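Novice: Structure provided below as structure tokens; questions to follow.
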Amino acid sequence: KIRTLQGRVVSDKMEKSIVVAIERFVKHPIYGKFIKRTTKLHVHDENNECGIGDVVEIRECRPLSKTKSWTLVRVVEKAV
Amino acid sequence: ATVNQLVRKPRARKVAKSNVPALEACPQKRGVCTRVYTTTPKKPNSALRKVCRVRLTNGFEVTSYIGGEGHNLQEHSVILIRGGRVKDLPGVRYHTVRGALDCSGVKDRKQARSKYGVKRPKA
Amino acid sequence: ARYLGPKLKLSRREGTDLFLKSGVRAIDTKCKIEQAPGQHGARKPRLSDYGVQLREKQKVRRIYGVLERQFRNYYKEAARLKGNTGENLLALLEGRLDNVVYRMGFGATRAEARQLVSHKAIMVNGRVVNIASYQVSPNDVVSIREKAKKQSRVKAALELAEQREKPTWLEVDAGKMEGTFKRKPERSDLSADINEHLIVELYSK
Amino acid sequence: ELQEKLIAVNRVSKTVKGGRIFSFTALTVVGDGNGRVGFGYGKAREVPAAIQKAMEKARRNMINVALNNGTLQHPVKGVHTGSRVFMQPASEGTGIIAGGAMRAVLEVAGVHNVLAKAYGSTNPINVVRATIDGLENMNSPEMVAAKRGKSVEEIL
Amino acid sequence: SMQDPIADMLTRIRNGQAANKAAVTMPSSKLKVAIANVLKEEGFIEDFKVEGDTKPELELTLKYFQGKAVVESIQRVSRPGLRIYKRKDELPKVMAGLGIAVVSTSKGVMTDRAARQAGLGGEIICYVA
Amino acid sequence: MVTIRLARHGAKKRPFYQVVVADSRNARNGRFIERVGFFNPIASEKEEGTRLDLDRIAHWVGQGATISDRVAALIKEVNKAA
RNA sequence: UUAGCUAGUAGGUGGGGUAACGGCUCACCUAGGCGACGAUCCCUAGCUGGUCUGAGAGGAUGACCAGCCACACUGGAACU
RNA sequence: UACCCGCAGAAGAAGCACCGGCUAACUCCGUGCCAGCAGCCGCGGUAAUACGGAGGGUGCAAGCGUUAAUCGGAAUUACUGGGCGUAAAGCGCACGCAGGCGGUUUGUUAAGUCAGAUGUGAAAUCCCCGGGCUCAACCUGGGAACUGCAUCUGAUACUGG
Ligand SMILES: [Mg+2]
Ligand SMILES: [Mg+2]
Ligand SMILES: [Mg+2]
Ligand SMILES: [Mg+2]
Ligand SMILES: [Mg+2]
Ligand SMILES: [Mg+2]
Ligand SMILES: [Mg+2]
Ligand SMILES: [Mg+2]
Ligand SMILES: [Mg+2]
Ligand SMILES: [Mg+2]
Ligand SMILES: [Mg+2]
Ligand SMILES: [Mg+2]
Ligand SMILES: [Mg+2]
Ligand SMILES: [Mg+2]
Ligand SMILES: [Mg+2]
Ligand SMILES: [Mg+2]
Ligand SMILES: [Mg+2]
Ligand SMILES: [Mg+2]
Ligand SMILES: [Mg+2]
Ligand SMILES: [Mg+2]
Ligand SMILES: [Mg+2]
Ligand SMILES: [Mg+2]
Ligand SMILES: [Mg+2]
Ligand SMILES: [Mg+2]
Ligand SMILES: [Mg+2]
Ligand SMILES: [Mg+2]
Ligand SMILES: [Mg+2]
Ligand SMILES: [Mg+2]
Ligand SMILES: [Mg+2]
């Protein structure tokens, strides 16, 4: 109903902000091979609730910062 | 040749250089004659090829063959080279346009007459 | 933009008749139709594979009198249109106005048929048409107009049309000096010595 | 009734104590305007003698080709020793679109509508072997129906 | 390693035909039965049979017509190193329609001709010609 | 403001006008919003030389688009022929 | 035969600021951020619809027409 | 102005390249490794179809050649569509992280994939069927196409989870 994406959390060291690797799976435009392509996004989280290696689900919002325009909605597979 | 290898390192082509670099992708360039002289050719041939060392307009110093029989070419003469090499001369890559800005047409030539800048002989 | 030289010289090079003269006098009398023109005309050299493809295309051009740039455009149109490319190439040549004037026998030769077109003597569906390469759609009438109806060479040309074979796809009225291009001709309607496949292979290098 | 085309003549040599001995080779192919195609390769001291030996061997060892109406039946490939060869069934009246030695062998084969391309070495002896090898294993809609044990209509 | 079982199936058919073997056996699979289902139905092999409980062995009974082999050519198209998916408009015609292309679709594994009549495409397993 | 006007698209000496909807600050033959028909002033007998999608034209005028002086003649001529 | 780059830099809080979000600006706090899926640096370059070629896939290209962008002696700045 | 009508008389209107092989089209005379030609192979040293003129011919045509430039032929950077014993080409050998890939069975997921629908993919251009300029170039109506992306609804064989 609303557009959202998923991915691993790469780092969480800066407060109220995490960086999330969304790994899309595209075809090569020439050779036809399917290549994993990784997209890093800076995501605003309230309360610093995510960790490294965490899978997260994010949505797009108004720009919070210079490099940050994304906010998570919920967390799946929190633990190690 | 493996499809993973071409993703990581694609098929790079061969940037082919031009064998007439002084023209600089122009059809003809105006030059000034520095030295008009003759040259003996490679080993299967034997002649005295009339060929001139030319300072061009863009700044390059190339030598240029003078086609046809006879030429009124001197030093400090303003000619127009066009590109196209003489095989049997080492290093000559250009042809002078006969009939351009100082060079005269070939005297009394009646076949392939436009390749040497000679008017139609009216009866 | 027309060939103006000797006409049997073209027929001597091709080796056969191209119907470039009216056929009043027999063609073997006016020229050596079995000998190519020039000093070295008696010799028949071993003609190459590119030679027989050129001589076939130079045969068909010199019949209709079409230069190469315009004849190239008929190949582009015939390859574009559906069906057999070579048959469409002949169907476009048979659609020319100066051919229709010749096939109805209003001019004795195709050049004379061209000049009647070129000198504003032909009306197509009532309207005068000045272009030799005008395409003539089916179910169209095409007539000698009023002023040139009293020409000597027109009704003399209808005389020579009776010696020639009557084409099926037309319907001429020699009294009114008009006709009707009823349909486009079939490949079987035309000559059978023309190897149209040699021309198609030539423009497909 | 068997139309005969020579493809290429060639002068070869053979060095002996006296010097060079020259000889001539001739590559000819025959065909009936239908599936019977056959090529020949003769060699003698003289050019009219060499074509006659080539025409003699070409008239036997014919091979049969299941043609379509005037074209091939499916895009088939043929190789021999330098010459991978592609040829393709084509629409009506497009002509023989083929190169050099391949033009002569398909013309006496009785096809009239091909789209061809000769890759690799275009040596006329091996490329005329590559088309004959290419045309021989081309199979009909009848041949695949009897082989697979179905009707022609179940194959479409 | 056994990177691809399906290309092992096709190669054992191809080497089986060229060696004039009567039957060819191999370890069975859920996908290998569906391919042998098409090859028996389309007429390239005589019969298939899966035997055994712990490790099932798929046995293919080959088919020979007039001495020479029925399966003239058999090739793998989509492979684990490079997958091939086609839409229903871009399904191939093997040997101008004489051969078949075994295509894996959402409604099971079928031939390319039945894939067009079903109106949906998928992954091209192999060309059999 | 948004307007409805002609646009010269023809050969030399033989004009042909696309009647388009455009922001009036754009160029004549340049950027436009919606093509709502055409007009042919060298229109022969037995062909249409004027066809205007009047449902779209009445849609943009309801939005407040203005009409050119020549277009308002052509909206009249459609409503007199039809 | 460019491997490291970045201190308003990365983020937070609050203030200011804009038509509007925002390091956009400022104070403070945190130590981040980017990078081998090529950061940074260097050379070249207006981009596209398209055009040319080619059977196709591709290659080459961006004159005319049209869309967007940039610039108006050079370097700057703001006013209305 | 287009357009149309009248006048007069074949008048006022053909050139350029090329002709050894590739490559369509040949002879003669000058010339003697000179003068010169030339894209490649190569021609010229006294009988030159290769140089220059002539005759003849061939290709084009109000143009024709030359040069520059791009793709093609070139499957000669090969995705389609190549190779690596000896022709250019397997690292001296091995372990191994990232990466690529992965036996078999069931369930589940729907990411890939597949299907449908919607939105969008400006117009022109290209293509198709027509229409209009005496034809064509050109102009133009309708359509297809824009092979893409997004969202939604499914499908579950295959691949992934
Ligand atoms: Mg010449
Ligand atoms: Mg010359
Ligand atoms: Mg012209
Ligand atoms: Mg056609
Ligand atoms: Mg080779
Ligand atoms: Mg009026
Ligand atoms: Mg703030
Ligand atoms: Mg610039
Ligand atoms: Mg190609
Ligand atoms: Mg200035
Ligand atoms: Mg300024
Ligand atoms: Mg010749
Ligand atoms: Mg001598
Ligand atoms: Mg002599
Ligand atoms: Mg020559
Ligand atoms: Mg090339
Ligand atoms: Mg290529
Ligand atoms: Mg190789
Ligand atoms: Mg060696
Ligand atoms: Mg080696
Ligand atoms: Mg080794
Ligand atoms: Mg190593
Ligand atoms: Mg598996
Ligand atoms: Mg699954
Ligand atoms: Mg999915
Ligand atoms: Mg879909
Ligand atoms: Mg018309
Ligand atoms: Mg468009
Ligand atoms: Mg699974």
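Ordered as shown in the structure tokens, chains take letters A, B, and onward, while each chain numbers its residues from 1 and ligands are numbered from 1 in the order shown.
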Going by DSSP on the backbone, which bits of stretch 17-152 of chain D are strand (DSSP E or B)? Write them as a PyMOL selection string, please.

Specialist: chain D and resi 20-31+37-44+63+71+76-80+83-89+96-97+113-118

Novice: Mind dumping the selected residues with N, CA and C atoms as a CSV table (one decimal), in the first residue's frame?

Specialist:
```csv
chain,number,residue,atom,x,y,z
D,20,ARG,N,60.7,-26.5,-61.4
D,20,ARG,CA,59.3,-26.5,-61.0
D,20,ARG,C,58.4,-27.2,-62.1
D,21,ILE,N,57.6,-28.1,-61.7
D,21,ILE,CA,56.5,-28.7,-62.6
D,21,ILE,C,55.2,-28.0,-62.2
D,22,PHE,N,54.5,-27.4,-63.1
D,22,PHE,CA,53.3,-26.8,-62.9
D,22,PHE,C,52.1,-27.7,-63.3
D,23,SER,N,51.0,-27.6,-62.6
D,23,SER,CA,49.8,-28.3,-62.8
D,23,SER,C,48.6,-27.4,-62.5
D,24,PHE,N,47.4,-27.9,-62.9
D,24,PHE,CA,46.2,-27.1,-62.7
D,24,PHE,C,45.2,-27.9,-62.0
D,25,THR,N,44.4,-27.3,-61.1
D,25,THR,CA,43.3,-27.9,-60.4
D,25,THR,C,42.1,-27.2,-60.7
D,26,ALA,N,41.0,-27.9,-60.8
D,26,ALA,CA,39.7,-27.4,-61.1
D,26,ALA,C,38.6,-27.9,-60.1
D,27,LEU,N,37.8,-26.9,-59.6
D,27,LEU,CA,36.8,-27.2,-58.7
D,27,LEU,C,35.4,-27.0,-59.3
D,28,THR,N,34.7,-28.0,-59.7
D,28,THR,CA,33.4,-27.9,-60.4
D,28,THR,C,32.3,-28.6,-59.5
D,29,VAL,N,31.1,-28.1,-59.7
D,29,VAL,CA,30.0,-28.6,-59.0
D,29,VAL,C,28.8,-28.7,-60.0
D,30,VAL,N,28.1,-29.8,-59.9
D,30,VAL,CA,27.0,-30.0,-60.8
D,30,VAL,C,25.7,-30.2,-60.0
D,31,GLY,N,24.6,-30.1,-60.7
D,31,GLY,CA,23.3,-30.3,-60.0
D,31,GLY,C,22.2,-30.2,-61.1
D,37,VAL,N,22.8,-32.8,-55.8
D,37,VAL,CA,24.0,-31.9,-56.0
D,37,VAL,C,25.2,-32.8,-55.9
D,38,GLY,N,26.3,-32.4,-56.6
D,38,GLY,CA,27.5,-33.1,-56.5
D,38,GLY,C,28.7,-32.2,-57.0
D,39,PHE,N,29.8,-32.3,-56.3
D,39,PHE,CA,30.9,-31.5,-56.7
D,39,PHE,C,32.1,-32.4,-57.1
D,40,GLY,N,33.0,-31.8,-57.8
D,40,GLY,CA,34.2,-32.6,-58.2
D,40,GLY,C,35.4,-31.7,-58.2
D,41,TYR,N,36.6,-32.4,-58.1
D,41,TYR,CA,37.9,-31.8,-58.0
D,41,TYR,C,38.9,-32.5,-58.8
D,42,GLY,N,39.2,-32.0,-60.0
D,42,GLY,CA,40.1,-32.7,-60.9
D,42,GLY,C,41.4,-32.0,-61.0
D,43,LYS,N,42.4,-32.7,-61.5
D,43,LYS,CA,43.8,-32.1,-61.6
D,43,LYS,C,44.5,-32.8,-62.8
D,44,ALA,N,45.1,-31.9,-63.6
D,44,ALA,CA,45.9,-32.4,-64.7
D,44,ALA,C,46.9,-31.4,-65.1
D,63,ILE,N,24.6,-36.1,-54.1
D,63,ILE,CA,23.9,-36.2,-52.8
D,63,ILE,C,22.5,-35.6,-53.0
D,71,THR,N,13.4,-23.0,-51.5
D,71,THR,CA,14.3,-22.5,-50.5
D,71,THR,C,14.6,-23.7,-49.6
D,76,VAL,N,20.4,-24.2,-41.2
D,76,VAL,CA,21.3,-25.3,-40.9
D,76,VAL,C,22.8,-24.8,-41.0
D,77,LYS,N,23.7,-25.4,-40.2
D,77,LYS,CA,25.1,-25.0,-40.2
D,77,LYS,C,25.9,-26.2,-40.7
D,78,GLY,N,27.0,-25.8,-41.4
D,78,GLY,CA,27.9,-26.8,-41.9
D,78,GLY,C,29.4,-26.4,-41.7
D,79,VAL,N,30.2,-27.4,-41.3
D,79,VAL,CA,31.6,-27.1,-41.1
D,79,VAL,C,32.4,-28.1,-42.0
D,80,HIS,N,33.6,-27.6,-42.5
D,80,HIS,CA,34.6,-28.5,-43.0
D,80,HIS,C,35.9,-27.8,-43.0
D,83,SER,N,35.8,-23.8,-42.4
D,83,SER,CA,34.7,-23.1,-42.9
D,83,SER,C,33.4,-23.5,-42.1
D,84,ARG,N,33.2,-22.9,-41.0
D,84,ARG,CA,31.8,-22.9,-40.5
D,84,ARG,C,30.9,-22.0,-41.4
D,85,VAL,N,29.8,-22.6,-41.8
D,85,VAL,CA,28.9,-22.0,-42.8
D,85,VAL,C,27.5,-21.9,-42.3
D,86,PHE,N,26.9,-20.7,-42.3
D,86,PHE,CA,25.5,-20.6,-42.0
D,86,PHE,C,24.7,-20.3,-43.2
D,87,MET,N,23.6,-20.9,-43.3
D,87,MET,CA,22.6,-20.7,-44.4
D,87,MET,C,21.2,-20.8,-43.8
D,88,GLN,N,20.3,-20.1,-44.5
D,88,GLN,CA,19.0,-19.9,-43.9
D,88,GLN,C,17.9,-19.9,-44.9
D,89,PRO,N,16.8,-20.5,-44.7
D,89,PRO,CA,15.6,-20.4,-45.6
D,89,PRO,C,15.1,-19.0,-45.6
D,96,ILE,N,19.5,-15.6,-54.4
D,96,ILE,CA,20.5,-16.4,-53.7
D,96,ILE,C,21.5,-15.3,-53.1
D,97,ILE,N,21.4,-15.1,-51.8
D,97,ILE,CA,22.3,-14.2,-51.1
D,97,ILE,C,23.4,-15.0,-50.5
D,113,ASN,N,16.2,-19.1,-52.8
D,113,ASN,CA,16.0,-18.1,-51.8
D,113,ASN,C,16.7,-18.5,-50.5
D,114,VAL,N,18.0,-18.0,-50.4
D,114,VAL,CA,18.8,-18.3,-49.2
D,114,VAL,C,19.4,-17.0,-48.6
D,115,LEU,N,19.7,-17.1,-47.3
D,115,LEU,CA,20.4,-16.1,-46.7
D,115,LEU,C,21.7,-16.7,-46.1
D,116,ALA,N,22.8,-16.5,-46.7
D,116,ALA,CA,24.0,-17.3,-46.3
D,116,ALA,C,25.1,-16.4,-45.7
D,117,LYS,N,26.0,-17.0,-45.1
D,117,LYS,CA,27.2,-16.3,-44.6
D,117,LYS,C,28.3,-17.4,-44.3
D,118,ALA,N,29.4,-17.2,-44.9
D,118,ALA,CA,30.6,-18.1,-44.8
D,118,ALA,C,31.5,-17.5,-43.7
```

Novice: Within 10 Å of ligand 15 (counting only C-alpha atoms (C1' of nucleotides) and all ligand atoms), which residues show up? I'd like them as a PDB file with N, CA, C and O atoms (P, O5', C5', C4', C3', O3' and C1' of nucleotides), in the first residue's frame.

Specialist:
```pdb
ATOM      1  P     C H  18      40.713   8.586 -63.685  1.00  0.00           P
ATOM      2  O5'   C H  18      40.410   7.052 -63.971  1.00  0.00           O
ATOM      3  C5'   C H  18      40.074   6.151 -62.928  1.00  0.00           C
ATOM      4  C4'   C H  18      39.302   4.978 -63.471  1.00  0.00           C
ATOM      5  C3'   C H  18      40.022   4.162 -64.527  1.00  0.00           C
ATOM      6  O3'   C H  18      40.871   3.184 -63.958  1.00  0.00           O
ATOM      7  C1'   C H  18      37.842   4.685 -65.279  1.00  0.00           C
ATOM      8  P     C H  19      42.185   2.695 -64.733  1.00  0.00           P
ATOM      9  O5'   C H  19      41.623   1.698 -65.833  1.00  0.00           O
ATOM     10  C5'   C H  19      40.947   0.513 -65.451  1.00  0.00           C
ATOM     11  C4'   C H  19      40.420  -0.223 -66.651  1.00  0.00           C
ATOM     12  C3'   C H  19      41.411  -0.439 -67.776  1.00  0.00           C
ATOM     13  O3'   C H  19      42.255  -1.546 -67.538  1.00  0.00           O
ATOM     14  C1'   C H  19      39.357   0.327 -68.658  1.00  0.00           C
ATOM     15  P     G H  20      43.827  -1.333 -67.331  1.00  0.00           P
ATOM     16  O5'   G H  20      44.331  -2.731 -66.769  1.00  0.00           O
ATOM     17  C5'   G H  20      44.583  -3.808 -67.654  1.00  0.00           C
ATOM     18  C4'   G H  20      45.285  -4.945 -66.962  1.00  0.00           C
ATOM     19  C3'   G H  20      44.517  -5.619 -65.843  1.00  0.00           C
ATOM     20  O3'   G H  20      43.581  -6.560 -66.326  1.00  0.00           O
ATOM     21  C1'   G H  20      46.720  -5.185 -65.131  1.00  0.00           C
ATOM     22  P     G H  21      42.118  -6.647 -65.677  1.00  0.00           P
ATOM     23  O5'   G H  21      42.350  -7.463 -64.336  1.00  0.00           O
ATOM     24  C5'   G H  21      42.902  -8.766 -64.372  1.00  0.00           C
ATOM     25  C4'   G H  21      43.109  -9.302 -62.984  1.00  0.00           C
ATOM     26  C3'   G H  21      42.001  -8.993 -61.998  1.00  0.00           C
ATOM     27  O3'   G H  21      40.906  -9.878 -62.111  1.00  0.00           O
ATOM     28  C1'   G H  21      44.077  -8.490 -61.015  1.00  0.00           C
ATOM     29  P     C H  22      39.407  -9.318 -62.031  1.00  0.00           P
ATOM     30  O5'   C H  22      39.247  -8.880 -60.515  1.00  0.00           O
ATOM     31  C5'   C H  22      39.261  -9.846 -59.481  1.00  0.00           C
ATOM     32  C4'   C H  22      39.347  -9.190 -58.132  1.00  0.00           C
ATOM     33  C3'   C H  22      38.239  -8.209 -57.808  1.00  0.00           C
ATOM     34  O3'   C H  22      37.066  -8.854 -57.355  1.00  0.00           O
ATOM     35  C1'   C H  22      40.337  -7.276 -57.231  1.00  0.00           C
ATOM     36  P     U H  23      35.667  -8.072 -57.331  1.00  0.00           P
ATOM     37  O5'   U H  23      35.731  -7.122 -58.600  1.00  0.00           O
ATOM     38  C5'   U H  23      34.730  -7.193 -59.607  1.00  0.00           C
ATOM     39  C4'   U H  23      35.081  -6.379 -60.828  1.00  0.00           C
ATOM     40  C3'   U H  23      36.302  -6.848 -61.614  1.00  0.00           C
ATOM     41  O3'   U H  23      36.098  -6.577 -62.995  1.00  0.00           O
ATOM     42  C1'   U H  23      36.630  -4.631 -60.899  1.00  0.00           C
ATOM     43  P     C H  37      52.958  10.700 -60.656  1.00  0.00           P
ATOM     44  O5'   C H  37      52.271   9.282 -60.875  1.00  0.00           O
ATOM     45  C5'   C H  37      51.204   9.136 -61.794  1.00  0.00           C
ATOM     46  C4'   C H  37      50.750   7.705 -61.901  1.00  0.00           C
ATOM     47  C3'   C H  37      50.090   7.125 -60.669  1.00  0.00           C
ATOM     48  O3'   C H  37      48.738   7.514 -60.562  1.00  0.00           O
ATOM     49  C1'   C H  37      51.599   5.556 -61.611  1.00  0.00           C
ATOM     50  P     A H  38      48.195   8.174 -59.208  1.00  0.00           P
ATOM     51  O5'   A H  38      48.016   6.938 -58.231  1.00  0.00           O
ATOM     52  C5'   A H  38      47.244   5.815 -58.615  1.00  0.00           C
ATOM     53  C4'   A H  38      47.617   4.610 -57.799  1.00  0.00           C
ATOM     54  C3'   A H  38      47.733   4.858 -56.311  1.00  0.00           C
ATOM     55  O3'   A H  38      46.481   4.806 -55.667  1.00  0.00           O
ATOM     56  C1'   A H  38      49.635   3.684 -57.061  1.00  0.00           C
ATOM     57  P     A H  50      49.177  -0.532 -70.204  1.00  0.00           P
ATOM     58  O5'   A H  50      48.626  -0.878 -68.756  1.00  0.00           O
ATOM     59  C5'   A H  50      47.622  -0.074 -68.150  1.00  0.00           C
ATOM     60  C4'   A H  50      48.024   0.416 -66.781  1.00  0.00           C
ATOM     61  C3'   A H  50      49.372   1.125 -66.695  1.00  0.00           C
ATOM     62  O3'   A H  50      49.281   2.193 -65.756  1.00  0.00           O
ATOM     63  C1'   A H  50      49.344  -0.719 -65.217  1.00  0.00           C
TER      64        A H  50
END
```

Novice: Could you work out which residues of chain E fall inside 10 Å of chain A? Count only C-alpha atoms, and format the result as a list in words.

Specialist: residues 81, 82, 83, 84 and 85 of chain E

Novice: Check which residues fall inside 7 Å of ligand 25 when counting only C-alpha atoms (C1' of nucleotides) and all ligand atoms, and print them as a list in words.

Specialist: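 Sorted by chain and then by number, the residues are residues 110, 111, 112 and 113 of chain H.
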
Novice: Write as a list in words the residues around ligand 27, taking 10 Å as the cut-off and counting only C-alpha atoms (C1' of nucleotides) and all ligand atoms.

Specialist: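 Going residue by residue within 10 Å of ligand 27, we get residues 135 of chain C; 130, 131, 132, 133, 135 and 136 of chain H.
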
Novice: Show me which residues sit within 9 Å of ligand 5 when counting only C-alpha atoms (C1' of nucleotides) and all ligand atoms, and put them as a ChimeraX atom specification.

Specialist: /D:82,119-122

Novice: Could you go through stretch 19-122 of chain B and tell me which residues DSSP, when run on the backbone, assigns to helix (DSSP H, G or I), listing them as a list in words?

Specialist: residues 21, 22, 23, 113, 114, 115 and 116 of chain B

Novice: Got a sec: who's within 10 Å of residue H:62, counting only C-alpha atoms (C1' of nucleotides), leaving out chain neighbours fewer than 6 positions off, as a PDB file with N, CA and C atoms (P, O5', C5', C4', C3', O3' and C1' of nucleotides), in the first residue's frame?

Specialist:
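Saved as part03.pdb:
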```pdb
ATOM      1  N   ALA C   1      19.912  14.202 -68.027  1.00  0.00           N
ATOM      2  CA  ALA C   1      19.270  13.174 -67.227  1.00  0.00           C
ATOM      3  C   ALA C   1      18.591  12.137 -68.102  1.00  0.00           C
TER       4      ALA C   1
ATOM      5  P     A H  14      24.810  20.368 -74.490  1.00  0.00           P
ATOM      6  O5'   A H  14      25.788  19.535 -73.542  1.00  0.00           O
ATOM      7  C5'   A H  14      27.188  19.804 -73.511  1.00  0.00           C
ATOM      8  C4'   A H  14      27.943  18.871 -72.588  1.00  0.00           C
ATOM      9  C3'   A H  14      28.311  17.504 -73.167  1.00  0.00           C
ATOM     10  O3'   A H  14      29.509  17.055 -72.543  1.00  0.00           O
ATOM     11  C1'   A H  14      27.036  17.197 -71.239  1.00  0.00           C
ATOM     12  P     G H  15      30.952  17.283 -73.198  1.00  0.00           P
ATOM     13  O5'   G H  15      31.880  17.518 -71.931  1.00  0.00           O
ATOM     14  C5'   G H  15      31.638  18.609 -71.057  1.00  0.00           C
ATOM     15  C4'   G H  15      31.381  18.157 -69.641  1.00  0.00           C
ATOM     16  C3'   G H  15      32.388  17.194 -69.050  1.00  0.00           C
ATOM     17  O3'   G H  15      33.556  17.844 -68.602  1.00  0.00           O
ATOM     18  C1'   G H  15      30.207  16.461 -68.542  1.00  0.00           C
TER      19        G H  15
END
```

Novice: Using only C-alpha atoms (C1' of nucleotides), which chain H residues lie at most 10 Å away from chain A, written as a PDB file with C-alpha atoms (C1' of nucleotides), in the first residue's frame?

Specialist:
```pdb
ATOM      1  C1'   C H  79      26.424 -10.926 -25.469  1.00  0.00           C
ATOM      2  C1'   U H  80      24.329 -12.699 -30.059  1.00  0.00           C
ATOM      3  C1'   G H 100      30.650 -16.641  -8.836  1.00  0.00           C
ATOM      4  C1'   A H 111      12.485 -11.834  -4.458  1.00  0.00           C
ATOM      5  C1'   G H 112      13.947 -13.252  -9.493  1.00  0.00           C
ATOM      6  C1'   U H 151       2.018   0.186  -9.086  1.00  0.00           C
ATOM      7  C1'   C H 152      -1.687  -3.606  -8.586  1.00  0.00           C
TER       8        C H 152
END
```

Novice: Please find the residues contacting ligand 1 at a distance of at most 8 Å between atoms, with only C-alpha atoms (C1' of nucleotides) and all ligand atoms counted, and report them as number ranges by chain.

Specialist: B: 111-112; H: 17-18

Novice: How close does each residue of chain H get to chain D, giving the shortest atom pair and distance in Å to one decimal for every residue with an atom at most 12 Å away, counting only C-alpha atoms (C1' of nucleotides), sorted by chain and residue number, as a Markdown table?

Specialist:
```
| residue | atom | partner | partner_atom | distance |
| --- | --- | --- | --- | --- |
| H:73 | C1' | D:117 | CA | 11.6 |
| H:74 | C1' | D:119 | CA | 11.0 |
| H:75 | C1' | D:119 | CA | 6.7 |
| H:76 | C1' | D:120 | CA | 11.5 |
| H:78 | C1' | D:119 | CA | 11.9 |
| H:81 | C1' | D:119 | CA | 10.4 |
| H:82 | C1' | D:120 | CA | 10.1 |
```

Novice: Give me the residues within 7 Å of stretch 88-100 of chain C as a PyMOL selection string, counting only C-alpha atoms (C1' of nucleotides) and dropping any in the same chain fewer than 5 places off.

Specialist: chain C and resi 74-75+78+110+113-114+117+132-136+184-185

Novice: With C-alpha atoms retained, export the selected residues as a PDB file, in the first residue's frame.

Specialist:
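As a result, out09.pdb now contains:
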```
ATOM      1  CA  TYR C  74      12.614   1.525 -57.373  1.00  0.00           C
ATOM      2  CA  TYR C  75      14.617  -1.231 -55.701  1.00  0.00           C
ATOM      3  CA  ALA C  78      10.178  -2.924 -54.300  1.00  0.00           C
ATOM      4  CA  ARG C 110       9.580   4.249 -75.311  1.00  0.00           C
ATOM      5  CA  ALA C 113       6.295   7.558 -75.603  1.00  0.00           C
ATOM      6  CA  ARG C 114       8.305   9.597 -73.101  1.00  0.00           C
ATOM      7  CA  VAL C 117       4.315  12.546 -71.909  1.00  0.00           C
ATOM      8  CA  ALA C 132       7.379  10.245 -67.460  1.00  0.00           C
ATOM      9  CA  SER C 133       7.818   8.337 -64.195  1.00  0.00           C
ATOM     10  CA  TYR C 134       4.252   9.003 -63.052  1.00  0.00           C
ATOM     11  CA  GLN C 135       2.843   5.887 -61.428  1.00  0.00           C
ATOM     12  CA  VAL C 136      -0.414   4.736 -62.991  1.00  0.00           C
ATOM     13  CA  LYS C 184      -0.947  -4.371 -62.562  1.00  0.00           C
ATOM     14  CA  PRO C 185       0.637  -7.101 -64.707  1.00  0.00           C
TER      15      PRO C 185
END
```

Novice: Find the spatial neighbours of stretch 65-75 of chain G, counting only C-alpha atoms (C1' of nucleotides), within a cut-off of 12 Å - ignore same-chain residues fewer than 5 positions away - and output them as a list in words.

Specialist: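 The neighbour list is residues 9, 26, 27, 28, 29, 30, 31 and 32 of chain F; 46, 47, 48, 49, 50 and 51 of chain G; 122, 123, 124 and 125 of chain H.
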
Novice: With 12 Å as the limit and counting only C-alpha atoms, what residues in chain B lie close to chain A? Please list them as a list in words.

Specialist: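 Applying the cut-off to the listed atoms yields residues 1, 2, 3, 4, 5, 6, 7, 8, 10 and 11 of chain B.
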
Novice: Measuring between only C-alpha atoms, which one of C:4, C:131, C:79, C:47 shows the shortest distance to chain D?

Specialist: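 With only C-alpha atoms as the atom set, the closest residue is C:79.
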
Novice: What does the structure give for the distance between atom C1' of residue H:89 and atom CA of residue B:12, in Å to one decimal?

Specialist: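 Going from atom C1' of residue H:89 over to atom CA of residue B:12, I get 16.8 Å.
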
Novice: Atom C1' of residue H:60 and atom CA of residue C:42 are how many Å apart?

Specialist: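 Spanning atom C1' of residue H:60 to atom CA of residue C:42 is a straight-line distance of 25.9 Å.
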
Novice: Distance limit 12 Å, atoms considered: only C-alpha atoms (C1' of nucleotides). Which chain A residues sit that close to chain G? Return them as a PyMOL selection string.

Specialist: chain A and resi 11-19+21+23-24+29-31+35-48+61-69

Novice: What is the distance between atom 1 (Mg, counted along the ligand's line) of ligand 20 and atom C1' of residue H:86, in Å to one decimal?

Specialist: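 Going from atom 1 (Mg, counted along the ligand's line) of ligand 20 over to atom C1' of residue H:86 covers 7.5 Å.
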